[PDB]
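Quick look at my_file27.pdb (PDB, C-alpha atoms (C1' of nucleotides)):
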```pdb
ATOM      1  CA  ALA J   2       0.000   0.000   0.000
ATOM      2  CA  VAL J   3       1.880   2.700   1.616
ATOM      3  CA  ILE J   4       4.153   4.935  -0.376
ATOM      4  CA  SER J   5       6.865   7.190   0.859
ATOM      5  CA  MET J   6       6.517  10.899   0.316
ATOM      6  CA  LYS J   7      10.028  11.370  -0.885
ATOM      7  CA  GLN J   8       9.405   9.341  -4.004
ATOM      8  CA  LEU J   9       5.993  10.900  -4.146
ATOM      9  CA  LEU J  10       7.310  14.398  -4.384
ATOM     10  CA  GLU J  11      10.252  13.350  -6.421
ATOM     11  CA  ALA J  12       7.768  11.888  -8.905
ATOM     12  CA  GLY J  13       6.091  15.239  -9.523
ATOM     13  CA  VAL J  14       2.905  14.197  -7.826
ATOM     14  CA  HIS J  15       2.217  17.299  -5.715
ATOM     15  CA  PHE J  16       1.667  19.778  -8.545
ATOM     16  CA  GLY J  17      -1.511  21.070 -10.008
ATOM     17  CA  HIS J  18      -2.905  23.752 -12.123
ATOM     18  CA  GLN J  19      -3.261  27.388 -12.586
ATOM     19  CA  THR J  20      -5.189  29.134  -9.847
ATOM     20  CA  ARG J  21      -7.762  30.252 -12.472
ATOM     21  CA  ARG J  22      -8.674  26.707 -13.637
ATOM     22  CA  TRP J  23      -9.515  25.025 -10.280
ATOM     23  CA  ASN J  24     -12.570  23.262  -8.747
ATOM     24  CA  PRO J  25     -13.867  24.477  -5.330
ATOM     25  CA  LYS J  26     -14.475  20.915  -4.132
ATOM     26  CA  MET J  27     -10.923  19.953  -4.154
ATOM     27  CA  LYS J  28     -10.360  22.505  -1.528
ATOM     28  CA  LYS J  29      -9.840  19.984   1.103
ATOM     29  CA  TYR J  30      -6.845  18.515  -0.648
ATOM     30  CA  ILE J  31      -4.942  21.668  -1.409
ATOM     31  CA  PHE J  32      -2.069  22.737   0.813
ATOM     32  CA  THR J  33      -0.550  25.987  -0.406
ATOM     33  CA  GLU J  34      -0.200  27.668  -3.720
ATOM     34  CA  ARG J  35       2.958  28.989  -5.228
ATOM     35  CA  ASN J  36       3.315  30.749  -8.523
ATOM     36  CA  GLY J  37      -0.161  30.377  -9.805
ATOM     37  CA  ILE J  38      -0.205  26.707  -9.066
ATOM     38  CA  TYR J  39      -2.085  24.832  -6.441
ATOM     39  CA  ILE J  40      -0.098  22.332  -4.430
ATOM     40  CA  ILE J  41      -1.543  19.170  -3.128
ATOM     41  CA  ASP J  42      -1.520  17.802   0.395
ATOM     42  CA  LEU J  43       0.443  14.580   0.012
ATOM     43  CA  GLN J  44      -0.523  13.307   3.446
ATOM     44  CA  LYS J  45      -4.045  13.094   2.085
ATOM     45  CA  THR J  46      -2.770  11.070  -0.770
ATOM     46  CA  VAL J  47      -0.743   8.700   1.379
ATOM     47  CA  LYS J  48      -3.851   7.842   3.267
ATOM     48  CA  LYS J  49      -5.684   7.450   0.084
ATOM     49  CA  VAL J  50      -3.086   5.824  -1.988
ATOM     50  CA  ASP J  51      -3.382   2.925   0.244
ATOM     51  CA  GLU J  52      -7.084   3.093   0.816
ATOM     52  CA  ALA J  53      -7.366   2.530  -2.905
ATOM     53  CA  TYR J  54      -4.712  -0.157  -2.755
ATOM     54  CA  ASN J  55      -6.221  -2.527  -0.252
ATOM     55  CA  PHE J  56      -9.425  -2.120  -2.104
ATOM     56  CA  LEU J  57      -7.667  -3.265  -5.178
ATOM     57  CA  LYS J  58      -6.003  -6.145  -3.447
ATOM     58  CA  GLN J  59      -9.310  -7.261  -2.056
ATOM     59  CA  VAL J  60     -11.011  -7.133  -5.369
ATOM     60  CA  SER J  61      -8.500  -8.947  -7.527
ATOM     61  CA  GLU J  62      -8.704 -11.794  -5.132
ATOM     62  CA  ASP J  63     -12.328 -12.512  -5.460
ATOM     63  CA  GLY J  64     -12.057 -12.985  -9.183
ATOM     64  CA  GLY J  65     -12.439  -9.407 -10.219
ATOM     65  CA  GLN J  66     -11.400  -7.803 -13.412
ATOM     66  CA  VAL J  67     -10.296  -4.236 -13.399
ATOM     67  CA  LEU J  68     -10.401  -2.131 -16.477
ATOM     68  CA  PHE J  69      -7.603   0.299 -16.743
ATOM     69  CA  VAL J  70      -8.567   3.352 -18.715
ATOM     70  CA  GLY J  71      -6.318   6.202 -19.425
ATOM     71  CA  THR J  72      -5.851   8.053 -22.711
ATOM     72  CA  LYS J  73      -4.147  11.372 -22.265
ATOM     73  CA  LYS J  74      -0.722  10.985 -23.902
ATOM     74  CA  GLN J  75       0.915  10.432 -20.636
ATOM     75  CA  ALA J  76      -1.275   7.646 -19.793
ATOM     76  CA  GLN J  77      -1.662   5.550 -22.922
ATOM     77  CA  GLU J  78       1.599   3.824 -22.441
ATOM     78  CA  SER J  79       1.988   3.382 -18.732
ATOM     79  CA  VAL J  80      -1.509   1.940 -18.683
ATOM     80  CA  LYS J  81      -0.899  -0.485 -21.534
ATOM     81  CA  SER J  82       2.209  -1.898 -19.863
ATOM     82  CA  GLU J  83       1.043  -2.200 -16.261
ATOM     83  CA  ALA J  84      -2.387  -3.409 -17.210
ATOM     84  CA  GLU J  85      -0.639  -6.164 -19.044
ATOM     85  CA  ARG J  86       1.765  -7.033 -16.348
ATOM     86  CA  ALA J  87      -1.000  -8.082 -14.017
ATOM     87  CA  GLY J  88      -3.346  -9.549 -16.585
ATOM     88  CA  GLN J  89      -6.240  -7.090 -16.817
ATOM     89  CA  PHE J  90      -7.663  -5.028 -19.593
ATOM     90  CA  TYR J  91      -7.142  -1.517 -20.691
ATOM     91  CA  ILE J  92      -8.211   0.986 -23.280
ATOM     92  CA  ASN J  93      -5.861   3.523 -24.771
ATOM     93  CA  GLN J  94      -7.489   4.978 -27.797
ATOM     94  CA  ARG J  95     -11.000   6.302 -28.181
ATOM     95  CA  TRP J  96     -13.174   5.085 -25.375
ATOM     96  CA  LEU J  97     -15.554   3.693 -27.780
ATOM     97  CA  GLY J  98     -18.766   5.371 -27.049
ATOM     98  CA  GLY J  99     -20.897   2.971 -25.274
ATOM     99  CA  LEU J 100     -19.220  -0.287 -24.566
ATOM    100  CA  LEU J 101     -20.287  -1.014 -21.104
ATOM    101  CA  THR J 102     -23.900   0.118 -21.372
ATOM    102  CA  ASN J 103     -24.373  -0.998 -24.974
ATOM    103  CA  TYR J 104     -22.295  -3.951 -24.385
ATOM    104  CA  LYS J 105     -24.327  -6.483 -26.169
ATOM    105  CA  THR J 106     -23.491  -4.943 -29.489
ATOM    106  CA  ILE J 107     -19.877  -4.087 -28.961
ATOM    107  CA  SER J 108     -19.202  -7.697 -28.052
ATOM    108  CA  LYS J 109     -20.058  -8.940 -31.486
ATOM    109  CA  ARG J 110     -17.460  -6.716 -32.832
ATOM    110  CA  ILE J 111     -15.006  -8.138 -30.290
ATOM    111  CA  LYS J 112     -15.808 -11.581 -31.692
ATOM    112  CA  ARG J 113     -15.323 -10.512 -35.242
ATOM    113  CA  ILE J 114     -11.697  -9.876 -34.474
ATOM    114  CA  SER J 115     -11.781 -13.643 -34.122
ATOM    115  CA  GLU J 116     -13.933 -14.641 -37.071
ATOM    116  CA  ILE J 117     -11.230 -12.955 -39.141
ATOM    117  CA  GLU J 118      -8.050 -14.361 -37.539
ATOM    118  CA  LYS J 119      -9.543 -17.813 -38.192
ATOM    119  CA  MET J 120      -9.987 -17.080 -41.904
ATOM    120  CA  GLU J 121      -6.336 -16.209 -42.414
ATOM    121  CA  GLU J 122      -4.891 -18.963 -40.252
ATOM    122  CA  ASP J 123      -6.719 -21.280 -42.525
ATOM    123  CA  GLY J 124      -6.553 -20.369 -46.191
ATOM    124  CA  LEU J 125      -9.375 -18.475 -47.885
ATOM    125  CA  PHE J 126      -7.674 -15.248 -48.696
ATOM    126  CA  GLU J 127      -7.029 -17.032 -52.021
ATOM    127  CA  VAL J 128     -10.712 -17.830 -52.726
ATOM    128  CA  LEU J 129     -11.696 -14.262 -52.093
ATOM    129  CA  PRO J 130     -10.491 -11.684 -54.650
ATOM    130  CA  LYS J 131      -8.069  -8.861 -54.002
ATOM    131  CA  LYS J 132     -11.094  -6.514 -53.839
ATOM    132  CA  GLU J 133     -12.678  -8.600 -51.078
ATOM    133  CA  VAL J 134      -9.371  -9.234 -49.310
ATOM    134  CA  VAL J 135      -7.760  -5.792 -49.020
ATOM    135  CA  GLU J 136     -10.821  -4.967 -46.911
ATOM    136  CA  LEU J 137     -10.616  -7.831 -44.394
ATOM    137  CA  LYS J 138      -7.091  -6.760 -43.412
ATOM    138  CA  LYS J 139      -7.828  -3.107 -42.387
ATOM    139  CA  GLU J 140     -11.129  -4.051 -40.766
ATOM    140  CA  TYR J 141      -8.721  -6.065 -38.636
ATOM    141  CA  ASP J 142      -6.766  -3.041 -37.564
ATOM    142  CA  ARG J 143      -9.635  -0.748 -36.846
ATOM    143  CA  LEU J 144     -11.221  -3.364 -34.645
ATOM    144  CA  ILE J 145      -7.828  -3.998 -33.010
ATOM    145  CA  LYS J 146      -6.897  -0.325 -32.893
ATOM    146  CA  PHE J 147      -9.629   0.243 -30.373
ATOM    147  CA  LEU J 148     -10.678  -3.047 -28.882
ATOM    148  CA  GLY J 149      -7.294  -4.661 -28.722
ATOM    149  CA  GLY J 150      -6.529  -4.860 -25.064
ATOM    150  CA  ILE J 151     -10.098  -5.801 -24.148
ATOM    151  CA  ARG J 152     -10.826  -8.811 -26.272
ATOM    152  CA  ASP J 153     -11.001 -11.170 -23.324
ATOM    153  CA  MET J 154     -13.743  -9.483 -21.292
ATOM    154  CA  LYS J 155     -17.156 -11.248 -21.316
ATOM    155  CA  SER J 156     -18.956  -9.483 -18.412
ATOM    156  CA  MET J 157     -18.733  -5.875 -17.090
ATOM    157  CA  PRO J 158     -15.419  -5.228 -15.197
ATOM    158  CA  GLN J 159     -15.892  -5.258 -11.388
ATOM    159  CA  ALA J 160     -13.958  -2.032 -10.809
ATOM    160  CA  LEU J 161     -12.300   0.507 -12.976
ATOM    161  CA  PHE J 162      -9.255   2.590 -12.629
ATOM    162  CA  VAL J 163      -9.530   5.831 -14.460
ATOM    163  CA  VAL J 164      -6.797   8.208 -15.096
ATOM    164  CA  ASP J 165      -8.300  11.550 -15.945
ATOM    165  CA  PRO J 166     -11.810  11.804 -14.933
ATOM    166  CA  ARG J 167     -12.400  14.838 -17.000
ATOM    167  CA  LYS J 168     -10.956  13.841 -20.273
ATOM    168  CA  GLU J 169     -12.496  10.540 -19.559
ATOM    169  CA  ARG J 170     -15.927  11.601 -18.530
ATOM    170  CA  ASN J 171     -17.581   9.679 -21.289
ATOM    171  CA  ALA J 172     -16.745   6.572 -19.362
ATOM    172  CA  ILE J 173     -17.612   7.524 -15.801
ATOM    173  CA  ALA J 174     -21.052   8.236 -17.038
ATOM    174  CA  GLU J 175     -21.316   4.620 -18.034
ATOM    175  CA  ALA J 176     -19.811   3.077 -14.947
ATOM    176  CA  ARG J 177     -21.725   5.272 -12.623
ATOM    177  CA  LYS J 178     -24.894   4.028 -14.395
ATOM    178  CA  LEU J 179     -24.066   0.336 -14.241
ATOM    179  CA  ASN J 180     -22.733   0.782 -10.701
ATOM    180  CA  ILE J 181     -19.139  -0.184 -11.225
ATOM    181  CA  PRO J 182     -17.171   1.521  -8.533
ATOM    182  CA  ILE J 183     -14.419   3.763  -9.809
ATOM    183  CA  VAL J 184     -10.924   4.487  -8.551
ATOM    184  CA  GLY J 185      -9.203   7.361 -10.128
ATOM    185  CA  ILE J 186      -6.635  10.078 -10.196
ATOM    186  CA  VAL J 187      -8.124  13.517  -9.840
ATOM    187  CA  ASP J 188      -5.964  16.490 -10.576
ATOM    188  CA  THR J 189      -7.034  19.757  -9.102
ATOM    189  CA  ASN J 190      -9.553  21.024 -11.501
ATOM    190  CA  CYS J 191     -11.850  18.068 -11.415
ATOM    191  CA  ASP J 192     -14.647  16.876  -9.405
ATOM    192  CA  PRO J 193     -14.984  14.077  -6.908
ATOM    193  CA  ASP J 194     -18.690  13.569  -6.545
ATOM    194  CA  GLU J 195     -18.784  10.991  -9.270
ATOM    195  CA  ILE J 196     -15.858   8.907  -8.066
ATOM    196  CA  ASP J 197     -15.474   6.507  -5.211
ATOM    197  CA  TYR J 198     -11.808   6.199  -4.187
ATOM    198  CA  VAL J 199     -10.141   9.453  -5.342
ATOM    199  CA  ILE J 200      -6.303   9.694  -5.406
ATOM    200  CA  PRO J 201      -5.522  13.439  -4.907
ATOM    201  CA  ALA J 202      -2.300  13.599  -6.981
ATOM    202  CA  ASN J 203      -0.729  15.043 -10.175
ATOM    203  CA  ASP J 204      -1.905  14.114 -13.633
ATOM    204  CA  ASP J 205       0.481  15.220 -16.300
ATOM    205  CA  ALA J 206       3.978  14.165 -15.402
ATOM    206  CA  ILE J 207       4.350  10.787 -17.073
ATOM    207  CA  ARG J 208       6.339   9.404 -14.202
ATOM    208  CA  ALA J 209       3.684  10.711 -11.852
ATOM    209  CA  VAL J 210       1.207   8.560 -13.605
ATOM    210  CA  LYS J 211       3.258   5.445 -13.954
ATOM    211  CA  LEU J 212       4.408   5.477 -10.361
ATOM    212  CA  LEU J 213       0.889   5.613  -9.066
ATOM    213  CA  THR J 214      -0.306   3.240 -11.693
ATOM    214  CA  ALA J 215       2.669   1.208 -10.859
ATOM    215  CA  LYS J 216       1.001   0.410  -7.571
ATOM    216  CA  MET J 217      -2.517  -0.482  -8.447
ATOM    217  CA  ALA J 218      -1.249  -3.307 -10.561
ATOM    218  CA  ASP J 219       1.059  -4.367  -7.803
ATOM    219  CA  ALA J 220      -1.810  -4.648  -5.438
ATOM    220  CA  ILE J 221      -3.758  -6.917  -7.737
ATOM    221  CA  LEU J 222      -0.701  -9.049  -8.349
ATOM    222  CA  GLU J 223      -0.367  -9.673  -4.635
ATOM    223  CA  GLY J 224      -3.937 -10.254  -3.434
ATOM    224  CA  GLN J 225      -4.294 -12.937  -6.007
TER     225      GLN J 225
ATOM    226  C1'   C H   1     -62.229   8.563 -55.657
ATOM    227  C1'   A H   2     -64.176   0.972 -53.992
ATOM    228  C1'   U H   3     -59.370  -2.642 -56.293
ATOM    229  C1'   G H   4     -55.432  -6.134 -58.025
ATOM    230  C1'   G H   5     -51.778  -5.882 -62.170
ATOM    231  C1'   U H   6     -48.923  -2.601 -65.674
ATOM    232  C1'   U H   7     -47.183   2.559 -66.530
ATOM    233  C1'   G H   8     -45.092   7.943 -66.596
ATOM    234  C1'   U H   9     -42.878  11.781 -63.188
ATOM    235  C1'   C H  10     -39.172  14.428 -59.874
ATOM    236  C1'   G H  11     -34.610  11.422 -61.359
ATOM    237  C1'   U H  12     -29.700   7.437 -62.253
ATOM    238  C1'   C H  13     -30.990  12.685 -58.156
ATOM    239  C1'   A H  14     -27.681  10.756 -53.821
ATOM    240  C1'   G H  15     -30.749   9.691 -51.066
ATOM    241  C1'   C H  16     -34.332   6.919 -47.384
ATOM    242  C1'   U H  17     -34.104   4.920 -42.824
ATOM    243  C1'   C H  18     -33.414   0.645 -38.679
ATOM    244  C1'   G H  19     -31.788  -2.294 -34.325
ATOM    245  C1'   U H  20     -29.319  -1.553 -29.661
ATOM    246  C1'   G H  21     -27.171   2.567 -26.690
ATOM    247  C1'   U H  22     -27.157   7.517 -24.997
ATOM    248  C1'   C H  23     -29.712  12.852 -24.821
ATOM    249  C1'   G H  24     -34.371  15.224 -24.039
ATOM    250  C1'   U H  25     -40.505  16.386 -19.244
ATOM    251  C1'   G H  26     -42.014  15.483 -24.372
ATOM    252  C1'   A H  27     -42.489  16.075 -29.732
ATOM    253  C1'   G H  28     -37.699  14.706 -31.047
ATOM    254  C1'   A H  29     -32.335  14.206 -31.606
ATOM    255  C1'   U H  30     -28.073  11.355 -32.392
ATOM    256  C1'   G H  31     -25.944   7.937 -35.733
ATOM    257  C1'   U H  32     -26.720  10.583 -41.206
ATOM    258  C1'   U H  33     -22.991  16.098 -38.531
ATOM    259  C1'   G H  34     -17.592  17.965 -38.533
ATOM    260  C1'   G H  35     -11.769  18.380 -41.662
ATOM    261  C1'   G H  36     -10.913  16.755 -45.941
ATOM    262  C1'   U H  37     -11.794  14.677 -50.756
ATOM    263  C1'   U H  38     -15.535  11.769 -54.761
ATOM    264  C1'   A H  39     -19.715  11.014 -60.518
ATOM    265  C1'   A H  40     -21.509   9.038 -55.712
ATOM    266  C1'   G H  41     -24.178   8.969 -47.222
ATOM    267  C1'   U H  42     -17.898   7.166 -52.630
ATOM    268  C1'   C H  43     -13.723   7.010 -49.080
ATOM    269  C1'   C H  44     -10.300   8.463 -44.898
ATOM    270  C1'   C H  45      -9.929  10.802 -40.300
ATOM    271  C1'   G H  46     -12.359  12.660 -36.014
ATOM    272  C1'   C H  47     -16.609  12.232 -32.787
ATOM    273  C1'   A H  48     -22.009   9.154 -27.647
ATOM    274  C1'   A H  49     -22.450   6.250 -30.728
ATOM    275  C1'   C H  50     -21.771   1.047 -32.382
ATOM    276  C1'   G H  51     -23.443  -1.634 -36.271
ATOM    277  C1'   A H  52     -26.757  -2.836 -40.162
ATOM    278  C1'   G H  53     -30.814  -2.780 -44.748
ATOM    279  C1'   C H  54     -32.572  -0.447 -49.428
ATOM    280  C1'   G H  55     -29.844   2.588 -52.866
ATOM    281  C1'   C H  56     -24.354   3.975 -55.116
ATOM    282  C1'   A H  57     -20.187   1.091 -57.508
ATOM    283  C1'   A H  58     -19.337  -4.008 -59.213
ATOM    284  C1'   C H  59     -21.161  -8.652 -60.896
ATOM    285  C1'   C H  60     -24.804  -8.612 -66.996
ATOM    286  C1'   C H  61     -24.622  -7.370 -72.336
ATOM    287  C1'   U H  62     -22.710  -5.079 -76.899
ATOM    288  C1'   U H  63     -17.874  -2.126 -78.513
ATOM    289  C1'   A H  64     -12.190  -1.044 -79.091
ATOM    290  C1'   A H  65      -5.942  -5.433 -78.979
ATOM    291  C1'   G H  66      -4.705 -10.287 -78.805
ATOM    292  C1'   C H  67      -4.074 -15.681 -78.162
ATOM    293  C1'   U H  68      -5.381 -21.608 -78.612
ATOM    294  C1'   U H  69      -9.763 -24.862 -81.310
ATOM    295  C1'   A H  70     -11.852 -24.967 -85.906
ATOM    296  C1'   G H  71     -12.039 -24.140 -92.490
ATOM    297  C1'   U H  72     -18.197 -24.305 -95.809
ATOM    298  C1'   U H  73     -21.386 -21.190 -98.022
ATOM    299  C1'   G H  74     -16.341 -17.577 -95.954
ATOM    300  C1'   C H  75     -10.731 -15.980 -97.406
ATOM    301  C1'   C H  76      -7.254 -15.921-102.046
ATOM    302  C1'   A H  77      -0.317 -15.361-100.140
ATOM    303  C1'   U H  78       2.924 -18.667-102.646
ATOM    304  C1'   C H  79       0.397 -21.390-108.623
ATOM    305  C1'   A H  80      -2.814 -22.938-113.890
TER     306        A H  80
END
```
Go through the file and emit its structure as structure tokens.
Amino acid sequence: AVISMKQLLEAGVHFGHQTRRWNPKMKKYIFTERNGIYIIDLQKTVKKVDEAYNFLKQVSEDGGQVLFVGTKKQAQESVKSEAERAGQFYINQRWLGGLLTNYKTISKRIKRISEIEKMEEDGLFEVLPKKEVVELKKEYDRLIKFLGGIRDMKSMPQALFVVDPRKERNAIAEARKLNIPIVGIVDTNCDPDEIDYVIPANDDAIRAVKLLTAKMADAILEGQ
RNA sequence: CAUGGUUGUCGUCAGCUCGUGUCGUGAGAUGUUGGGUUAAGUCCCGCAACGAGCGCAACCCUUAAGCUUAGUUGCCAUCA
């Protein structure tokens, strides 16, 4: 669980935004404010970095899945790696509009990634012309562009770890409607009434993301 | 102007929607808009939509170069 401040504030984590762009409900987590920036109150992280953690560890261990979502350039990588390295899912490109709520339809396009990779592992690109084949090989990269790291999810993920719950808000609307409790990294500048286990931290420094998202895949590795 | 069948027309114009999801108190919207391009809702990219049907194109004829199979009634190079 627990993290040590010194790596926390060496990681970036305590920064924030301009004093103009700020949300009055993250006023409990601020600390001071230097040079137009707000500055976060790590000691409220460090109680909440873990309080997220040993919710993660509990949930991996009863069979849960845990969708990682993050898409802002900082996140797309450090979520694809660490979501892998514990065996969960993730989504890096467009959050396709409507995959949890409209799931029944977006599945069928997650099982047409597999009607196709069974046509080329057998023969059959010979029987079909070049004007019916040049198609089936970039309808394989659209459907893999977006749905790639999710193609082994059959039911709604139990929890969900979101990285920017303002760029991401398309998703949170969907989870908060299916009741899928969210864990997420709020910057300043964002709003915690929609989320369940907020992590008051930074949001732009790549290392700030990966460090924190380092953990939450540790703590599904271990309670497991 | 009680019908069924057949037929012009706008017009070969690029349209006309549906499931499921979301938005809206509702009628409705979205998708179908947007940056581009195309004869073409034709294609890419983006995007609360994700896909699908009828159209569009192509599969059909007849035209413009050849190549094997064939030589009457067609053709007449090399000969009377």
Which residues of chain J are close to chain H, meaning at most 8 Å apart when you count all atoms listed in the file, and how do they look as a PDB file with C-alpha atoms, in the frame of the given file?
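Contents of the output file result-v4.pdb:
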```pdb
ATOM      1  CA  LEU J  97     -15.554   3.693 -27.780  1.00  0.00           C
ATOM      2  CA  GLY J  98     -18.766   5.371 -27.049  1.00  0.00           C
ATOM      3  CA  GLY J  99     -20.897   2.971 -25.274  1.00  0.00           C
ATOM      4  CA  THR J 102     -23.900   0.118 -21.372  1.00  0.00           C
ATOM      5  CA  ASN J 103     -24.373  -0.998 -24.974  1.00  0.00           C
ATOM      6  CA  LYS J 105     -24.327  -6.483 -26.169  1.00  0.00           C
ATOM      7  CA  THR J 106     -23.491  -4.943 -29.489  1.00  0.00           C
ATOM      8  CA  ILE J 107     -19.877  -4.087 -28.961  1.00  0.00           C
ATOM      9  CA  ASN J 171     -17.581   9.679 -21.289  1.00  0.00           C
TER      10      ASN J 171
END
```
Around all the atoms of segment 186-205 of chain J listed in the file, with 6 Å of room on each side, what axis-aligned box do you get, giving centre and edge lengths in Å to one decimal, as AutoDock Vina command-line options?
```
--center_x -9.2 --center_y 13.6 --center_z -10.2 --size_x 31.3 --size_y 26.8 --size_z 24.1
```
Nearby residues, (-24.3, 13.1, -45.6) file frame, 10 Å, all atoms listed in the file, as a PDB file with C-alpha atoms (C1' of nucleotides), in the frame of the given file:
```
ATOM      1  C1'   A H  14     -27.681  10.756 -53.821  1.00  0.00           C
ATOM      2  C1'   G H  15     -30.749   9.691 -51.066  1.00  0.00           C
ATOM      3  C1'   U H  32     -26.720  10.583 -41.206  1.00  0.00           C
ATOM      4  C1'   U H  33     -22.991  16.098 -38.531  1.00  0.00           C
ATOM      5  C1'   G H  41     -24.178   8.969 -47.222  1.00  0.00           C
TER       6        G H  41
END
```
For atom CA of residue 204 of chain J and atom CA of residue 176 of chain J, quote the distance in Å rounded to one decimal.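 Between these atoms lies a distance of 21.1 Å.
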Within 10 Å of residue 12 of chain J, counting only C-alpha atoms (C1' of nucleotides), which residues qualify if same-chain residues fewer than 5 places away don't, as JSON, numbers by chain? {"J": [6, 7, 203, 206, 207, 208, 209, 210, 211, 212, 213]}
Store the residues picked out above in a file with C-alpha atoms, as a PDB file, in the coordinates of the input.
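Output file part.pdb follows:
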```
ATOM      1  CA  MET J   6       6.517  10.899   0.316  1.00  0.00           C
ATOM      2  CA  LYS J   7      10.028  11.370  -0.885  1.00  0.00           C
ATOM      3  CA  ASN J 203      -0.729  15.043 -10.175  1.00  0.00           C
ATOM      4  CA  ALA J 206       3.978  14.165 -15.402  1.00  0.00           C
ATOM      5  CA  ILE J 207       4.350  10.787 -17.073  1.00  0.00           C
ATOM      6  CA  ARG J 208       6.339   9.404 -14.202  1.00  0.00           C
ATOM      7  CA  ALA J 209       3.684  10.711 -11.852  1.00  0.00           C
ATOM      8  CA  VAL J 210       1.207   8.560 -13.605  1.00  0.00           C
ATOM      9  CA  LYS J 211       3.258   5.445 -13.954  1.00  0.00           C
ATOM     10  CA  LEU J 212       4.408   5.477 -10.361  1.00  0.00           C
ATOM     11  CA  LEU J 213       0.889   5.613  -9.066  1.00  0.00           C
TER      12      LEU J 213
END
```
What does the distance between atom CA of residue 162 of chain J and atom CA of residue 88 of chain J come to in Å, to one decimal place? 14.1 Å
Just the number, please: distance in Å from atom CA of residue 201 of chain J to atom CA of residue 217 of chain J, one decimal.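 Spanning atom CA of residue 201 of chain J to atom CA of residue 217 of chain J is a straight-line distance of 14.7 Å.
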Residues in the PyMOL selection byres ((chain J and resi 196) around 9), expressed as a PyMOL selection string: chain J and resi 166+173+177+182-185+192-195+197-199
Need the neighbours of (-14.1, -9.5, -29.5): which residues are at most 9 Å away, counting only C-alpha atoms (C1' of nucleotides), as a PyMOL selection string? chain J and resi 107-115+144+148-149+151-155
Show which residues sit within 9 Å of residue 46 of chain J, as a PyMOL selection string. Count all atoms listed in the file, and ignore same-chain residues fewer than 4 positions away. chain J and resi 30+41-42+50-51+199-202
Any chance you could work out the residue set of the PyMOL selection byres ((chain H and resi 13) around 12) here, as a VMD selection string? chain H and resid 10 to 12 14 to 15 39 to 40 55 to 56
Grab the residues selected above and save them as a PDB file, in the coordinates of the input with C-alpha atoms (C1' of nucleotides).
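Final file, again.pdb:
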```
ATOM      1  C1'   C H  10     -39.172  14.428 -59.874  1.00  0.00           C
ATOM      2  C1'   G H  11     -34.610  11.422 -61.359  1.00  0.00           C
ATOM      3  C1'   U H  12     -29.700   7.437 -62.253  1.00  0.00           C
ATOM      4  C1'   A H  14     -27.681  10.756 -53.821  1.00  0.00           C
ATOM      5  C1'   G H  15     -30.749   9.691 -51.066  1.00  0.00           C
ATOM      6  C1'   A H  39     -19.715  11.014 -60.518  1.00  0.00           C
ATOM      7  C1'   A H  40     -21.509   9.038 -55.712  1.00  0.00           C
ATOM      8  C1'   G H  55     -29.844   2.588 -52.866  1.00  0.00           C
ATOM      9  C1'   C H  56     -24.354   3.975 -55.116  1.00  0.00           C
TER      10        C H  56
END
```
Residue with smallest distance to residue 18 of chain H - pool H:80, H:54, H:46, H:37, counting only C-alpha atoms (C1' of nucleotides):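 Ranking H:80, H:54, H:46, H:37 by distance to residue 18 of chain H, first place goes to H:54.
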Using all atoms listed in the file, which residues sit within 8 Å of segment 52-68 of chain J once same-chain residues fewer than 3 positions away are excluded, as a PyMOL selection string? chain J and resi 2+48-49+89-92+158-162+184+198-200+216-217+220-225
Counting only C-alpha atoms (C1' of nucleotides), figure out which residue out of H:17, H:7, H:73, H:27 gets nearest to residue 52 of chain H.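 For residue 52 of chain H, the nearest of the given residues is H:17.
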Using all atoms listed in the file, which residue out of J:33, J:156, J:93, J:189 lies closest to residue 75 of chain J?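 Closest candidate: J:93.
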